[PDB]
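What follows is one chain in structure tokens, specifically the form solved without the DNA.
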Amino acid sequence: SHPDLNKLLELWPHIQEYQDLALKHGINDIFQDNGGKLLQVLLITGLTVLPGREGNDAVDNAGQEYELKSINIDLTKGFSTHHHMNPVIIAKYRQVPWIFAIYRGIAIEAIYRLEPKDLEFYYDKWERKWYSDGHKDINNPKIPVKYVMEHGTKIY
């Protein structure tokens, strides 16, 4: 018997509880694909995760679907969007608001929401580009956190 194993005995009851709660909200393994993270935003925002692959993310009770980006303010300063961006992708992203999650570690610090118009400045640009470069795709253009803090609504 030692210090840590006592910490595992002590803490584990709650961890199993956190996982149970994660299953109810559709997340099998909190220790895998940032499940332990995606859940905070879900619980914090009353949203529901959509299966599929990597198209539309969450959806509320009203059925309004959402796009959902996450960032670790300790490591990055812009959100990923799509490594292969063309006018079809952009055509889809301009129909649903995006939920931006800002984590510092595994802990959530803030959450903003940009409406389709609030990202328009980026859509019309990434599109005018796709043409100029000669029908060439953009490799994961990034939206600056500064941009989202100044344009979106802070939900958390």
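When you see a residue number, it is the position in the sequence shown, counting from 1.
What comes next is about the form solved in complex with the DNA, which does not appear here.
Engineer: Which residue, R94, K129, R113, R104, has a heavy atom that falls within 4.5 Å of the DNA in the deposited complex?
Structural biologist: So the residue touching the DNA in the deposited complex, by this definition, is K129.
Engineer: Work out which of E120, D33, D60, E109 lies within 4.5 Å of the DNA in the deposited complex, going by heavy atoms.
Structural biologist: Of the candidates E120, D33, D60, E109, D33 is the one lying within 4.5 Å of the DNA in the deposited complex.
Engineer: According to a 4.5 angstroms non-hydrogen atom cut-off, is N139 in contact with the DNA in the deposited complex?
Structural biologist: Yes, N139 sits close enough to the DNA in the deposited complex that at least one of its heavy atoms falls within 4.5 Å.
Engineer: Using the partner position in the deposited complex, report whether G55 sits within 4.5 Å of the DNA, counting heavy atoms only.
Structural biologist: Although the DNA is absent here, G55 would touch it in the deposited complex, with heavy atoms inside 4.5 Å.
Engineer: Test of understanding: in the deposited complex, would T45 fall inside 4.5 Å of the DNA by heavy atoms?
Structural biologist: So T45 does not count as contacting the DNA.
Engineer: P144 near the DNA in the deposited complex, any heavy atom under 4.5 Å?
Structural biologist: Within the cut-off, so yes.
Engineer: Scan 82-108 and note down the residues that get a heavy atom within 4.5 Å of the DNA in the deposited complex; none is a fine answer too.
Structural biologist: Going through 82-108 in order - heavy atoms within 4.5 Å of the DNA in the deposited complex - the hits are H82, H83, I89, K92.
Engineer: Which of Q40, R128, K77, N86 lies at the hinge where one rigid part of the chain turns against the other between this form and the one not shown?
Structural biologist: Answer by hinge criterion: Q40.
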